[PDB]
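Asks: Its first residue numbered 1, the sequence shown is counted upward by one per residue in this note's numbering.
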Amino acid sequence: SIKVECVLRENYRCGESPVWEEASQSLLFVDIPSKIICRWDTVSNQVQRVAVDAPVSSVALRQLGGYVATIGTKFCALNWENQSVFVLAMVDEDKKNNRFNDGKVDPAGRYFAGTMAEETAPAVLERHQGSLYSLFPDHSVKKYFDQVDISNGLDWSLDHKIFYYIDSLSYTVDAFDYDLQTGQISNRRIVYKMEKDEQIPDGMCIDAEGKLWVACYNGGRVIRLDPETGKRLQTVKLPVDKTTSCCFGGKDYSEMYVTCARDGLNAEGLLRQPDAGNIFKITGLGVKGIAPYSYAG
Ligand SMILES: OC[C@@H](O)[C@H](O)[C@@H](O)CO
Ligand SMILES: [Ca+2]
Numbered sequence: 001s002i003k004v005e006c007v008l009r010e011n012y013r014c015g016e017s018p019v020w021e022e023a024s025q026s027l028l029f030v031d032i033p034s035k036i037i038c039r040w041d042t043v044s045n046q047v048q049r050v051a052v053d054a055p056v057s058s059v060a061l062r063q064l065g066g067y068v069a070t071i072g073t074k075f076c077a078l079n080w081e082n083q084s085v086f087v088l089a090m091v092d093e094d095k096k097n098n099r100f101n102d103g104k105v106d107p108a109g110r111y112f113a114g115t116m117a118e119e120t121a122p123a124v125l126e127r128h129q130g131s132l133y134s135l136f137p138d139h140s141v142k143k144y145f146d147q148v149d150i151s152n153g154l155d156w157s158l159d160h161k162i163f164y165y166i167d168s169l170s171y172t173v174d175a176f177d178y179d180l181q182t183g184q185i186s187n188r189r190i191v192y193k194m195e196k197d198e199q200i201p202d203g204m205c206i207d208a209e210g211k212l213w214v215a216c217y218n219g220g221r222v223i224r225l226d227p228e229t230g231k232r233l234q235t236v237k238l239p240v241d242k243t244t245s246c247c248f249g250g251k252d253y254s255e256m257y258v259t260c261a262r263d264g265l266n267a268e269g270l271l272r273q274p275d276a277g278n279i280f281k282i283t284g285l286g287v288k289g290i291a292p293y294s295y296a297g
């Protein structure tokens with residue numbers, strides 16, 4: 001009953017940060033090196049893009065209206081109507097060549113996002129240059145920890161007491177104790193160790209049963225994980241190797257959207273993966289996800 005299909009054939013270089021906007025039945029996402037934030041209306045099937053002036057690594061809903069995004073090393077606010085973009089806060093000012101990577105809004109409306117050194121090739125970069133940050137609703141920025149290689153997938157337990165986090169080049173999914181009222185975290189530990197054939201852990205989202213789904217970059221799959229036991233529950237393969245992230249969307253969050261990349265593929269790889277860069281949808285997983293939180297500033 002599980003069905004994997006390519007639903008948007010736009011050939012992004014590195015599709016990332018899919019977010020479901022139920023108010024419009026649209027998928028928001030980015031194409032990082034193409035410097036565009038995209039909004040795909042799934043019913044009219046039209047895509048609108050907002051071009052920005054540096055690589056844009058994530059996008060999130062903004063409660064008061066419009067969107068927020070991480071552009072370069074800056075948290076930014078976007079008005080979709082006039083396409084105006086302005087800076088809310090900047091991080092890593094002491095770094096010569098960093099950028100934000102994955103980000104997501106916590107259950108209290110704080111925009112978490114972490115950084116990385118810029119790559120010369122996939123996973124080829126100066127080590128330990130990133131940090132995890134969050135933009136609070138008052139536009140202040142909290143720095144959580146440094147020494148990150150590539151800040152990636154992240155989400156929160158349904159009871160709002162645990163934060164899950166991926167630094168891609170650590171090859172583990174980690175968990176922290178998390179305090180909803182203050183946004184503080186502590187007690188970092190490993191909850192899943194990636195197997196060799198699962199390649200690089202990238203984006204991540206939680207489902208309604210508290211299990212984690214992780215996109216496996218170079219692994220051509222998403223895997224479902226139980227963070228309580230440390231065991232993989234399920235693998236769903238896709239016809240593209242560089243699967244980057246995933247989120248739930250559609251009616252009652254019953255469908256999974258998966259982004260992927262064509263950057264880093266050679267000519268042979270492009271031919272073997274004609275849908276590299278496209279958006280996929282997975283139906284029939286038999287579990288639902290949850291709605292994204294909106295930034296509260
Ligand atoms: O395997 C990770 C990729 O190399 C990155 O460039 C992405 O930005 C991660 O989201
Ligand atoms: Ca990613």
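Cβ coordinates follow ideal geometry from the N, Cα and C atoms, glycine included.
How would you write the range of the beta strand (DSSP E) that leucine 271 sits in, first residue to last?
Replies: The sequence position of residue 271 within the sequence shown is 271, counting from 1. From DSSP, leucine 271 is part of no beta strand (DSSP E) but of the alpha helix (DSSP H) over 267-272.
Asks: On a CA-only basis, which of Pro122, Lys143, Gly130, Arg110 is nearest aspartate 155? Give me that one, please.
Replies: Within the sequence shown, the letter at position 155 stands for residue 155. The candidate whose alpha carbon is nearest that of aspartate 155 is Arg110.
Asks: From which residue to which residue does the beta strand (DSSP E) around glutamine 147 run?
Replies: The sequence position of residue 147 within the sequence shown is 147, counting from 1. Segment 141-148, the beta strand (DSSP E) holding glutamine 147.
Asks: Per the DSSP calculation, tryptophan 156 is bridged to which residue(s)?
Replies: For the purposes of this step, residue 156 is taken as residue 156 along the sequence shown, with counting starting at 1. In the DSSP output, where bridge partners are listed per residue, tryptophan 156 has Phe163.
Asks: Output the distance between the C-alpha atoms of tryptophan 80 and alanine 51, rounded to the nearest integer angstrom.
Replies: Translated into positions along the sequence shown, residue 80 becomes position 80. Translated into positions along the sequence shown, residue 51 becomes position 51. Cα to Cα, the separation comes out at about 11 Å.
Asks: Go ahead and pull the three-state DSSP assignment for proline 55.
Replies: Your numbering for residue 55 matches position 55 in the sequence shown. DSSP places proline 55 outside both helix and strand once states are collapsed to three, so it counts as coil.
Asks: Is the beta carbon of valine 173 closer than 8 Å to that of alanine 215?
Replies: The count along the sequence shown starts at 1 and reaches residue 215 at position 215. The count along the sequence shown starts at 1 and reaches residue 173 at position 173. No, the pair does not count as a contact, with Cβ atoms beyond the cut-off.
Asks: Sort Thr73, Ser186, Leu135 by Cα distance to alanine 117 and report the nearest one.
Replies: For the purposes of this step, residue 117 is taken as residue 117 along the sequence shown, with counting starting at 1. Ranking the options by Cα distance to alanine 117, first place goes to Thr73.
Asks: For the beta strand (DSSP E) that contains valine 85, what are its first and last residues?
Replies: The sequence position of residue 85 within the sequence shown is 85, counting from 1. Element bounds for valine 85: 84-90.
Asks: Hey, how far is the Cα of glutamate 22 from the Cα of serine 44?
Replies: Here residue 22 is taken as the residue at index 22 of the sequence shown, counted from 1. Here residue 44 is taken as the residue at index 44 of the sequence shown, counted from 1. Cα-Cα distance, rounded: 14 Å.
Asks: Is the beta carbon of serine 245 sitting closer than 8 Å to the one on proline 18?
Replies: Your numbering for residue 245 matches position 245 in the sequence shown. Your numbering for residue 18 matches position 18 in the sequence shown. Yes.
Asks: Using only the heavy atoms of ligand 1, determine whether one of them is closer than 7 Å to the beta carbon of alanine 60.
Replies: On the sequence shown, position 60 is the one that residue 60 refers to. Not under cutoff, so the answer is no.
Asks: Could you tell me the alpha carbon to alpha carbon distance between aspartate 207 and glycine 289, rounded to whole angstroms?
Replies: Locating residue 207 in the sequence shown gives position 207, counting from the first residue. Locating residue 289 in the sequence shown gives position 289, counting from the first residue. Their backbone Cα atoms lie some 4 Å apart in a straight line.
Asks: Pairs of beta-carbons, one from the stretch 257-274 and one from the stretch 82-102, closer than 8 Å: are there three or more?
Replies: They do not touch, by the three-pair rule.
Asks: How would you write the range of the beta strand (DSSP E) that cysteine 76 sits in, first residue to last?
Replies: If you number the sequence shown from 1, residue 76 lands on position 76. Residues 74-79.
Asks: I need the residues with a C-beta less than 6 Å from some heavy atom of ligand 4; please give them in chain order.
Replies: This structure does not include ligand 4; its bound ligands are ligand 1 and ligand 2.
Asks: So, is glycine 65 buried or exposed, given that buried needs 16 or more other C-beta atoms within 10 angstroms?
Replies: Your numbering for residue 65 matches position 65 in the sequence shown. Per the 10 Å Cβ criterion, exposed.
Asks: If we ignore side chains and look at the alpha-carbon of each, how far apart do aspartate 275 and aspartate 263 end up?
Replies: Here residue 275 refers to the residue found at position 275 when the sequence shown is read from its first residue. Here residue 263 refers to the residue found at position 263 when the sequence shown is read from its first residue. The straight-line gap from Cα to Cα measures roughly 12 Å.
Asks: At a cut-off of 7 Å, would you count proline 292 as near ligand 1, judging by its Cβ distance to the nearest heavy atom?
Replies: The residue given as residue 292 occupies position 292 in the sequence shown. No.
Asks: Look at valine 4 and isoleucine 279 and say whether their C-beta atoms are less than 8 Å apart.
Replies: In the sequence shown, the residue the question calls residue 4 occupies position 4. In the sequence shown, the residue the question calls residue 279 occupies position 279. Not in contact: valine 4 and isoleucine 279 (Cβ atoms no closer than 8 Å).
Asks: Between the alpha carbons of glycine 284 and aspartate 94, how many angstroms are there, rounded?
Replies: Indexing the sequence shown from 1 puts residue 284 at position 284. Indexing the sequence shown from 1 puts residue 94 at position 94. So the alpha carbons of these two residues sit roughly 47 Å apart.
Asks: Based on the DSSP output, what are the partners of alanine 175 in its beta bridges?
Replies: To locate residue 175, count along the sequence shown from 1; it is residue 175. DSSP, once it has assigned bridges, lists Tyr164, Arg189 as partnering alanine 175.
Asks: Could you give the distance in angstroms between the alpha-carbon of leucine 8 and the alpha-carbon of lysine 193?
Replies: Taking the sequence shown and counting its residues from 1, one reaches residue 8 at position 8. Taking the sequence shown and counting its residues from 1, one reaches residue 193 at position 193. Approximately 32 Å between the Cα atoms of the pair.
Asks: Contact check, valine 141 vs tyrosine 164 under 8 Å by CB: the rounded distance?
Replies: Along the sequence shown, one-based indexing puts residue 141 at 141. Along the sequence shown, one-based indexing puts residue 164 at 164. That pair is no contact at about 21 Å.
Asks: Out of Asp102, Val47, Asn98, which one is the CA nearest neighbour of residue 298?
Replies: Within the shown structure, residues of the chain are numbered from 1 to 297, placing residue 298 beyond reach of any answer.
Asks: Using 8 Å as the threshold, is the C-beta distance between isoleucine 200 and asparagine 187 below it?
Replies: If you number the sequence shown from 1, residue 200 lands on position 200. If you number the sequence shown from 1, residue 187 lands on position 187. No, the pair does not count as a contact, with Cβ atoms beyond the cut-off.
Asks: Taking only the alpha-carbon atoms, compute the straight-line gap between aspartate 149 and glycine 203 and give it to the nearest angstrom.
Replies: To locate residue 149, count along the sequence shown from 1; it is residue 149. To locate residue 203, count along the sequence shown from 1; it is residue 203. The alpha-carbon of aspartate 149 is positioned some 15 Å away from that of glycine 203.
Asks: One question on the structure: do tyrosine 295 and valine 105 come within less than 8 Å of each other, judged by their Cβ atoms?
Replies: Counting from one through the sequence shown, the residue named residue 295 turns up at place 295. Counting from one through the sequence shown, the residue named residue 105 turns up at place 105. Cβ distance < 8 Å, so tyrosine 295 and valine 105 count as in contact.
Asks: Go ahead and pull the three-state DSSP assignment for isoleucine 290.
Replies: The residue given as residue 290 occupies position 290 in the sequence shown. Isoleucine 290: coil per DSSP, three-state reduction.
Asks: Looking at the unbroken beta strand (DSSP E) that takes in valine 222, where does it start and where does it end?
Replies: Within the sequence shown, numbered from 1, the residue matching residue 222 stands at position 222. Annotation: the continuous beta strand (DSSP E) that includes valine 222 extends over 221-226.
Asks: Does DSSP classify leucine 61 as helix, strand or coil?
Replies: Indexing the sequence shown from 1 puts residue 61 at position 61. In this structure, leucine 61 counts as strand in the three-state DSSP scheme.
Asks: Mind checking which residues open and close the beta strand (DSSP E) that includes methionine 116?
Replies: Walking along the sequence shown from the start, residue 116 turns up at place 116. Unbroken beta strand (DSSP E) run through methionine 116: 111-117.
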